[PDB]
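S.K.: Sharing a structure here in structure tokens format.
Read the figures in this text as sums done on the coordinates, not as results from a lab. Cβ coordinates were reconstructed from backbone atoms using ideal geometry, including for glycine residues, and neighbour counts include every protein chain displayed.
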Amino acid sequence: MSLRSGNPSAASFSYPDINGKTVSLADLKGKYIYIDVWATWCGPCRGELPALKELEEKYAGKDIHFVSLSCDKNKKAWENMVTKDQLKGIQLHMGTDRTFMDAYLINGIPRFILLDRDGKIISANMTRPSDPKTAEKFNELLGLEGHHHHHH
């Protein structure tokens, strides 16, 4: 069955947001979803995390949800961390159900994923926020090209 054995995954997930909010795939459904991975023990991500905010606040209004998923087991440590790190946005925390971690072969962090408005996984591997080609994709799919990405 699903995945390979018979496990229910990808088809509408529901995780707790930092504050303790049940955030489902319906909370995001209706607009394109971008799933990036965020972690406490991940330092490299923090190099582009500020730029991820820039991406959000620069594209504020776009048809994309920046959704950070954390495979961190230490919730309280991580929830206070994101409060400290000020990485506010649209965010979810896994914890121990890291079967979904392997389901996407997520490793390193951050992992780049993209899905359709419906919640339909489009790209299991899309484009890192610090990758300029991801921004190009946003403009493109919105038709935000000035004749095209680089004015020609």
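S.K.: For the chain, find the longest principal axis of its Cα atoms and tell me its angle to the long axis of helix 49-58, 0 to 90°, nearest 10.
M.R.: 50
S.K.: Working from Cα positions, state the angle (0 to 90°, nearest 10) between the long axis of helix 132-142 and the longest principal axis of the chain.
M.R.: 70
S.K.: Can I ask one more? So what's the chain giving for Rg/Rh, alpha carbon basis, Kirkwood Rh from the mean inverse pair distance? Write out the running numbers ahead of the final one.
M.R.: Details: Rg = 15.5 Å, Rh = 16.1 Å.
Reported Rg/Rh (Cα atoms, Kirkwood Rh): 0.97.
S.K.: Taking the chain as the reference, fit the longest principal axis to its C-alpha atoms, fit the long axis of helix 75-85 to the helix C-alpha atoms, and give the angle between the two in degrees, 0 to 90, nearest 10.
M.R.: Helix 75-85 and the main axis of the chain meet at about 30 degrees.
S.K.: Same structure, new question: Exposure proxy check: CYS42, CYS71 ranked by fewest other beta carbons within 10 Å? Write out the running numbers ahead of the final one.
M.R.: On the way: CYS42 16, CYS71 22.
So the ranking, lowest neighbour count to highest, is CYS42, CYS71.
S.K.: With charges only on Cβ, +1 for K and R and -1 for D and E, what is the dipole size of the chain about its Cα centre, in debye, rounded to 20? Working shown, then result.
M.R.: Numbers: 20 positive and 19 negative charges, 73 e Å.
Dipole size: approximately 340 debye.
S.K.: Still on this structure, please answer the following. ³J(HN,Hα) across region 114-126 via Karplus (A = 6.51, B = -1.76, C = 1.60, θ = phi - 60°), whole Hz, x for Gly/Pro?
M.R.: Once rounded to whole Hz, the list reads 9, 9, 6, 2, 5, x, 8, 3, 8, 10, 5, 10, 9.
S.K.: Tell me the label-point distance for the pair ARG98, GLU140, using the 7 Å Cα-to-Cβ offset, in nm and rounded to one decimal.
M.R.: Once both label points are built, they end up 3.3 nm from each other.
S.K.: Would you kindly derive the ³J(HN,Hα) couplings of region 89-99 from the backbone phi angles with the Karplus curve 6.51 cos²θ - 1.76 cosθ + 1.60 (θ = phi - 60°), listing them in order in whole Hz, with x for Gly and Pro?
M.R.: Values per residue, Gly and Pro as x: x, 10, 9, 9, 10, 6, x, 9, 8, 6, 5 Hz.
S.K.: By count of other Cβ within 10 Å, fewest leading, how are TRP78, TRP38 ordered?
M.R.: Numbers: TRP78 21, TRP38 27.
Ascending number of Cβ neighbours within 10 Å: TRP78, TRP38.
S.K.: Based on DSSP H runs of at least 4 residues, each adding -39500 (n - 2.57), what is the mean residue ellipticity at 222 nm of the chain after dividing by all its residues, to the nearest 500 deg cm²/dmol?
M.R.: On the way: 4 runs with 37 residues, N = 152.
Dividing the helical sum by the residues of the chain leaves -7000 deg cm²/dmol.
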